[PDB]
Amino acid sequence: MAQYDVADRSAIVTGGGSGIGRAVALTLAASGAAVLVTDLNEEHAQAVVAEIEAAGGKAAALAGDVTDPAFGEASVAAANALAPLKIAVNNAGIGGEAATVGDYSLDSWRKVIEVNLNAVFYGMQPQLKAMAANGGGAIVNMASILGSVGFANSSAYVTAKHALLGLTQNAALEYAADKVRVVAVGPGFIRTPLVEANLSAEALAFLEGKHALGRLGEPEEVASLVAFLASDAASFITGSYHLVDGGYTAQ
């Protein structure tokens, strides 16, 4: 019976067509947020809109690329058309190449930084302005455990996720006076359909052993924390990094 104070407003969820973003969109919509599901994949975004509406909520899809700053502007316009924009979850991200720093391709490095960091900044610019103009709101940036610790052969990803904590702190300091809160969420390894499909039984067991709870997280377990932080109940929470990692970083 979990319910969040996220009604009478619109919410952008970037990369909302799949995995954690999908879970976030469904949880926000279930508590009455009018959710704009943005994604590269138009049909995936539309499927989540349809699921939302089969469960009785409000949502719309917008297909595009968050690395285009024009798209973040179009997303803020499309969200505001549904209801006043007071939530943005900058969740779209990619894993990058699996290689050492020394071997890493320049193209892969630049692509991971562009999506996982620069596109969050691009999206935030219109999000911050819209929320400041309409009395306040919450931006939740999807970081990772890998925003605070490393993981061999994923340096670009780790670097970008670290970067998000600083961007989060700065926007929080700058827009607090406008009652725009900005926070970062740090999930541990989450069992998405893609992760499940990629991991060998042995590789899965290895990752499970790195979490004190002895399992990977579920997308719904991240979505709950995101929905709480985006809600009016979290009105004194800003600038901060919130782990949902099953104890990964506690050792």
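Numbering starts at 1 and runs along the sequence shown.
Across the two stretches, 20 to 28 and 6 to 14, the PDB entry reports the greater mean Cα temperature factor for 6 to 14. According to the PDB record, 121 to 129 carries the higher mean C-alpha B-factor of the two stretches 121 to 129 and 155 to 163. Per the deposited coordinates, the residue with the largest Cα temperature factor out of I190, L194, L225, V37 is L194. Within the selection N170, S144, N90, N80, the deposited Cα B-factor values reach their highest point at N80. When the modelled residues of the chain are ordered by C-alpha B-factor, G150 sits in the lowest third.
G64 sits in the middle third of its chain by CA B factor, as recorded in the PDB entry. Annotation for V101: C-alpha temperature factor in the middle third relative to the rest of the modelled chain, per the entry. Among all modelled residues in its chain, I113 ranks in the lowest third by Cα B-factor.
Split the chain's modelled residues into thirds by C-alpha temperature factor. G186 is in the lowest one.
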